[PDB]
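Participant: this one is an experimental structure. Sequence first:
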Amino acid sequence: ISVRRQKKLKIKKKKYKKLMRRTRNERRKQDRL
Amino acid sequence: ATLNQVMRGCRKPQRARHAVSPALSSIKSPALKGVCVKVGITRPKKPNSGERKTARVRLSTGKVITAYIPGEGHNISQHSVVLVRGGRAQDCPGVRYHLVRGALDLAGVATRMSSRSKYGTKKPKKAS
Amino acid sequence: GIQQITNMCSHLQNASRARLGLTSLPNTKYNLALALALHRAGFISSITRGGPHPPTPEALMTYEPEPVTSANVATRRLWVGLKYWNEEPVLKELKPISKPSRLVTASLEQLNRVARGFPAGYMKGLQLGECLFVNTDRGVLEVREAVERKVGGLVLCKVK
Amino acid sequence: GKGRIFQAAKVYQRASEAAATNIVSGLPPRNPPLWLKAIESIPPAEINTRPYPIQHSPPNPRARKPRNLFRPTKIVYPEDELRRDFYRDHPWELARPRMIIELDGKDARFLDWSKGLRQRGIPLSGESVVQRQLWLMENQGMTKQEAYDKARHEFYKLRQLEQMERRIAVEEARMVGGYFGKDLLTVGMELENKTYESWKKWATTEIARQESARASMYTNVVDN
RNA sequence: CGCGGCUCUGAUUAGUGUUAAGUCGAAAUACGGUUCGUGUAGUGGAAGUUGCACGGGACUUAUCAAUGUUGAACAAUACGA
RNA sequence: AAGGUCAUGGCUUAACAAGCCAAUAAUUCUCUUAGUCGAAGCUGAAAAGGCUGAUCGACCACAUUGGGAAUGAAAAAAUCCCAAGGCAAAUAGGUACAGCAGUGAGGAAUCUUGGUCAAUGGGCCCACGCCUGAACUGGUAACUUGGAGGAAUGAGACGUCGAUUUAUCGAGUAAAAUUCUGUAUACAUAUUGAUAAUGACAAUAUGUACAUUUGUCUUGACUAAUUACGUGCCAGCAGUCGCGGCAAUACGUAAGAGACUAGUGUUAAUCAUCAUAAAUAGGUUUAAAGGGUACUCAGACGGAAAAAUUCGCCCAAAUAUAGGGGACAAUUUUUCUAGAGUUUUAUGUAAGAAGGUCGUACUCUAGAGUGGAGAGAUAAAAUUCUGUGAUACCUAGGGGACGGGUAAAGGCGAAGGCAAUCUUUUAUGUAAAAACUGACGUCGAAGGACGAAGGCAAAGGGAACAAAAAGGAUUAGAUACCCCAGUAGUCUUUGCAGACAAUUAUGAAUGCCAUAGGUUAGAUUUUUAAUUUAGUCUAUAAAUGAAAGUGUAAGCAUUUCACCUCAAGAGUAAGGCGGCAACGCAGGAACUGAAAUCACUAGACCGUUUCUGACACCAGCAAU
RNA sequence: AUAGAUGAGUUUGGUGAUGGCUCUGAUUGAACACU
Ligand SMILES: [K+]
Ligand SMILES: [K+]
Ligand SMILES: [K+]
Ligand SMILES: [K+]
Ligand SMILES: [K+]
Ligand SMILES: [K+]
Ligand SMILES: [K+]
Ligand SMILES: [K+]
Ligand SMILES: [K+]
Ligand SMILES: [K+]
Ligand SMILES: [K+]
Ligand SMILES: [Mg+2]
Ligand SMILES: [Mg+2]
Ligand SMILES: [Mg+2]
Ligand SMILES: [Mg+2]
Ligand SMILES: [Mg+2]
Ligand SMILES: [Mg+2]
Ligand SMILES: [Mg+2]
Ligand SMILES: [Mg+2]
Ligand SMILES: [Mg+2]
Ligand SMILES: [Mg+2]
Ligand SMILES: [Mg+2]
Ligand SMILES: [Mg+2]
Ligand SMILES: [Mg+2]
Ligand SMILES: [Mg+2]
Ligand SMILES: [Mg+2]
Ligand SMILES: [Mg+2]
Ligand SMILES: [Mg+2]
Ligand SMILES: [Mg+2]
Ligand SMILES: [Mg+2]
Ligand SMILES: [Mg+2]
Ligand SMILES: [Mg+2]
Ligand SMILES: [Mg+2]
Ligand SMILES: [Mg+2]
Ligand SMILES: [Mg+2]
Ligand SMILES: [Mg+2]
Ligand SMILES: [Mg+2]
Ligand SMILES: [Mg+2]
Ligand SMILES: [Mg+2]
Ligand SMILES: [Mg+2]
Ligand SMILES: [Mg+2]
Ligand SMILES: [Mg+2]
Ligand SMILES: [Mg+2]
Ligand SMILES: [Mg+2]
Ligand SMILES: [Mg+2]
Ligand SMILES: [Mg+2]
Ligand SMILES: [Mg+2]
Ligand SMILES: [Mg+2]
Ligand SMILES: [Mg+2]
Ligand SMILES: [Mg+2]
Ligand SMILES: [Mg+2]
Ligand SMILES: [Mg+2]
Ligand SMILES: [Mg+2]
Ligand SMILES: [Mg+2]
Ligand SMILES: [Mg+2]
Ligand SMILES: [Mg+2]
Ligand SMILES: [Mg+2]
Ligand SMILES: [Mg+2]
Ligand SMILES: [Mg+2]
Ligand SMILES: [Mg+2]
Ligand SMILES: [Mg+2]
Ligand SMILES: [Mg+2]
Ligand SMILES: [Mg+2]
Ligand SMILES: [Mg+2]
């Protein structure tokens, strides 16, 4: 995979990693960790 | 793959391709009747331009789809029973169906001369 | 086993691709059976059992190989003379059909169909120049020698 | 494959096929090239086939998986061992110039080493001792050392006469009014003089560089 | 009657797809003007950015202070661009 | 051991024994979907082809749903008993059209409430005969198939019509007209379906008579077939690519042309196209795709020369009784030494681990040391350090990590990774000779083990470095890049964790294919230098590849495991498993697209290199 | 059963590949429109 295409996976993995940190609290309240 | 890998079931069916008109392909039906939930206009995508006459139809199966109205000028409106067939509007996203012109409530193009069978237009009978 | 025949087929391809006048093979009755059929079909020039060094080129037929006993059986090898005519090897391709992972057997009516250039089973029809060698109870034979004797058996390789 | 497709070995086959029929179907073929019938019965020779090369030395019998079977082997003779022995005992025998240029390749037709070291067509050299030694060591059954001493001593007595004749030949010539030019001892020294001077100029010009650059190393440019 | 499964719905809430004509930056592609990517742990409206180790899909893109020789005289009937 | 049985079998029983099957899911359970099969139907050139599971035949199940038994030679019932809801019934206890026709409903969509038991079949009957929505026949529908649906002549009506080089090109042998035929069909006669007799209805044959429709799609390219006008990115066309923005062969109309025709188009579906899940028969360096690692159970595959057995394999089938052939295959036996191993302290070596040290620098403390105002930082500064004496130069103690040269295309280990030193301790690997075992081998799902950095947990350590937090600058703004400082963390011990560009973007292993130049550890030699074994790298040949390149392999072959099947959504969701957590393993579908993707070629560009021209710049004079 | 194996449009500035999509062939217990 070229560096141009790896940067597409790089953003998709960072957005997801960023979403789980943000919703970790409400996922801990609903017992979904 | 090796003969052992094939014997254990490595060969599986290829992932399915979505049909052009899933509401009809799912049940093997050529057409379906439906009531018009809304009759409005859709805008094509980047290359083309204009106003495409579309209709939000609630099929007899329960699905709500968007059908394209072929021809110039139509007669249907809210609460209108129309027949739906396959085929999509290529430049319109979400419009994956067509309406039949000789359908129940939708009338055929009156001032049509060429390809009358495509628009449900009776012959003028001007000669007789 | 069949693995030795598969190594004998790929080795002869590499020896003919390299335009070698001589080539050695492990000394086994199975390799000798296929070599005798290749020589009988006219694809190779000579067959001689010898040591790790090739015999004298000129006196190849009159070569006197020593008896094979347990004291030298480990160093014996089959020396094959390769042919090249019209700037082209006579034994260009040796494609195996039956492999260690699967032994392909053909019937007499399938060989009769493959001999005239029609597919049958996992085999394909023979074209101009191609040959097919079958390992039968009457020895390693050519497909046209097998249908004449009316026998089937294990298919070894297709010689282009 | 950067190389190109050379079909030089098939010029006749290709040319004879192109001349078999006519491009204008329905007419007889024209006359072929003039070279087609010349080499009609002289086909090319086989090329690119790798044979088992001549074995100038016995191949290693203990080897079980020998490599380099299609590689030419080194040519070695029983005289190689003898030449190395002689020329190592007489290094200055290599200073005598020898002409390895062939005249007609027929030197070995008049060599009968049963007579002595002096043969026809070849000069008295370290090769004569090796050939004479080999003959004695094979025919008269002498050993390597015994045959060496014999042919070696015969070789010395001949060299002595060659050096004694130069001195005497020049001494008698002057007794009857014979004069000669410069000799190597004189010519060799004159060439050293002319070359020694070139070094003197270089040294004299090269030493001035160091003494000047050395004295100027210090920054004494203030001139206090 | 209880437990479990399944279907539908749910205030509230998340993600993603599509849509030329909006807005804020300029992260990537050249040494992209802080090398870019992998993993991991932080951080910032956003692209980004920081530590630590790692990869080249970046530096083989590499091109003389050894400065380059009177290596056997001259003359003859030898030699003769 | 006994009984039972034609016979066999825990089939049955008593007494003993603890077995038997399985270990890669035998066994059990949940969810989703489905009547099964056939050259039966459709389809491909073909594959143990694919799809369907109508009409035909075979099998299975069911008769509103659920729960049951008896009768009988045999449940093989639209039977019988029971409960429930629907309809009917109330003092009853029937009914369920998935029997035929028919109605309502649902649906894009599928027909007559006919005649006869004359024919074939079946039930009852001594016989005659009775019954048969089985069946045979009439009806409805272009749903499909097959057939008919008209042939020949037709020249100046010196007429018409449309274009237009107004005189050329077409409609056009077309029409009219003329000469024939009697096709579907109508009518009539006869025969026949049927014979012991019985004809509901119709078939066939013969004779006579009749000349009766056009419809539909397309026309830019794929794809056979053109102009004119209208419209002006509007209206619209569109299977794919596309068309339309005021001189559109692509839209609408007109005419022409190209086709099929009682059909023609469109929609939906299936096969084929599609080597597009490749058993036949694919692929994974750079495009989807090689597991982080290799020791290993199961499993697959794997030497030499003989023999026994199966009779696999072949003759060779018809699921072939009985035989033959002996190469190969399976189990087994005996020998062999080429693979794989053991011994003979190899050499060489940053694999690993334990217990101790060494050193350069740094850092802290002390000597009211010497010295006496700066120092450090940066492109430049500021924050900052310093008169409580800094920087600089020393002496004496303490502390923590780190590892200069050697050093190389070098080496070691399964990989991760491993570089100061001494002792201790550990498995492989390499060279040469002998000896020894005698196929003991390779790969390997799973399980288990190991696995960089960061991270979690606990107890230490803390010099230096440094996420975070914070300050000073720069900047349009500056989280940042830079700077003054600085906590986790890095280090030690014990666990957790398992994700990496864990890379050679290339799994492991085997056989094989031509050279050259280096280099690493040995061996042999006439140890100069050659020869050779095992590694590693460079550049090539044959060849291979989309090419870049590779050429100890990305070649020729083989074995085995893993993995891939258009993009995007997505390595995401849900349920589950592991973990203290962080996260890991496993892993979709919906919605939306016709493209995503790789290597190369020539340009242009670069706050890219090196050159070449120009008052381009420098310098000078003048000017705005 | 021995004649039976076929392509086309479409990614790029361009070229060669990779890889889907669509068309070309046959068909239906089909439906719809014009007849
Ligand atoms: K890839
Ligand atoms: K019915
Ligand atoms: K009857
Ligand atoms: K295009
Ligand atoms: K037999
Ligand atoms: K047998
Ligand atoms: K590494
Ligand atoms: K710091
Ligand atoms: K700051
Ligand atoms: K080498
Ligand atoms: K290849
Ligand atoms: Mg499109
Ligand atoms: Mg028209
Ligand atoms: Mg809601
Ligand atoms: Mg950046
Ligand atoms: Mg940038
Ligand atoms: Mg950058
Ligand atoms: Mg980074
Ligand atoms: Mg910060
Ligand atoms: Mg770069
Ligand atoms: Mg590069
Ligand atoms: Mg069902
Ligand atoms: Mg019912
Ligand atoms: Mg309805
Ligand atoms: Mg009867
Ligand atoms: Mg009777
Ligand atoms: Mg008639
Ligand atoms: Mg009767
Ligand atoms: Mg055309
Ligand atoms: Mg149209
Ligand atoms: Mg048009
Ligand atoms: Mg018809
Ligand atoms: Mg790997
Ligand atoms: Mg893993
Ligand atoms: Mg990985
Ligand atoms: Mg033995
Ligand atoms: Mg032995
Ligand atoms: Mg061994
Ligand atoms: Mg050692
Ligand atoms: Mg003081
Ligand atoms: Mg002080
Ligand atoms: Mg220390
Ligand atoms: Mg070092
Ligand atoms: Mg090693
Ligand atoms: Mg192994
Ligand atoms: Mg495993
Ligand atoms: Mg760690
Ligand atoms: Mg730690
Ligand atoms: Mg702690
Ligand atoms: Mg560590
Ligand atoms: Mg662990
Ligand atoms: Mg790593
Ligand atoms: Mg593996
Ligand atoms: Mg190395
Ligand atoms: Mg190379
Ligand atoms: Mg995807
Ligand atoms: Mg999701
Ligand atoms: Mg999950
Ligand atoms: Mg995963
Ligand atoms: Mg270029
Ligand atoms: Mg100027
Ligand atoms: Mg100036
Ligand atoms: Mg002015
Ligand atoms: Mg490009």
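Facilitator: That came through, no problem. Residues are numbered from 1 along each chain as shown, chains lettered A, B, ... in the order given. Ligands and ions are numbered 1, 2, ... in the order given.

Participant: for the rest of this, base every contact and every neighbour count on C-alpha atoms.
Facilitator: Will do.

Participant: what separation is there between the spatially most central residue of chain D and residue D:127?
Facilitator: Geometric centre of chain D, nearest residue: residue D:100, 6.6 Å, by Cα atoms, centre = their mean. Distance, residue D:100 to residue D:127, by Cα to Cα, to the nearest Å: 12 Å.

Participant: run through the strands of chain B in chain order.
Facilitator: B:31-42, B:52-59, B:64-68, B:81-85, B:95-99 (DSSP state E).

Participant: ok and the residue in chain D nearest RNA strand E?
Facilitator: In chain D, the residue that lies nearest RNA strand E is residue D:188 (3.6 Å; Cα to the nearest atom of the strand).

Participant: which SS class is that residue?
Facilitator: Assigned state for residue D:188: helix (three-state reduction, DSSP: H, G, I helix; E, B strand; the rest coil).

Participant: contacts for stretch D:30-40 next, please.
Facilitator: Stretch D:30-40 is contacted from outside by D:12, D:15-16, D:19, D:22, using Cα atoms under 8 Å, 6 or more residues apart in numbering or on different chains.

Participant: contact residues of chain C facing RNA strand G?
Facilitator: C:112-113, C:116-119 (Cα under 7 Å from any atom of the strand).

Participant: which one of the residues you listed sits closest to residue C:154?
Facilitator: Nearest to residue C:154, judged by Cα to Cα, of these is residue C:112 at 14.6 Å.

Participant: the closest one reaches residue C:145, doesn't it?
Facilitator: No. Contact status for residue C:112 versus residue C:145: not in contact, 10.7 Å apart, counting by Cα atoms under 8 Å.

Participant: counting neighbours, go ahead and name the busier of these two.
Facilitator: residue C:112 (20 against 14; other Cα atoms under 10 Å in any protein chain shown).

Participant: now name the helix or strand holding that one.
Facilitator: Residue C:112 belongs to helix C:108-115 when assigned by DSSP states H and E.

Participant: packing partners of the next helix-or-strand element following that helix?
Facilitator: Note on helix C:108-115: by DSSP H and E, the next helix or strand toward the C-terminus is strand C:131-136. On a contact count with 3 or more Cα pairs under 8 Å, 6 or more residues apart in numbering or on different chains; DSSP states H and E, strand C:131-136 meets strand C:139-142, helix C:143-149, strand C:153-159.

Participant: from residue D:198, how far out is residue D:209?
Facilitator: 17 Å.

Participant: residue C:81 should be in a strand, yeah?
Facilitator: Yes. Assessed with three-state DSSP, residue C:81 lies in a strand.

Participant: residues contacting it?
Facilitator: C:21-23, C:44-47.

Participant: again, only using 6 Å
Facilitator: By Cα atoms under 6 Å, 6 or more residues apart in numbering or on different chains, the contact set of residue C:81 is C:22, C:44-46.

Participant: now the helix ranked longest in chain C against strand C:153-159, angle please.
Facilitator: The single longest helix within chain C, with elements called by DSSP state H, is helix C:2-17. Angle of helix C:2-17 versus strand C:153-159, following axes from the mean of the first three to the mean of the last three Cα atoms, to 10 degrees, is 20 degrees.
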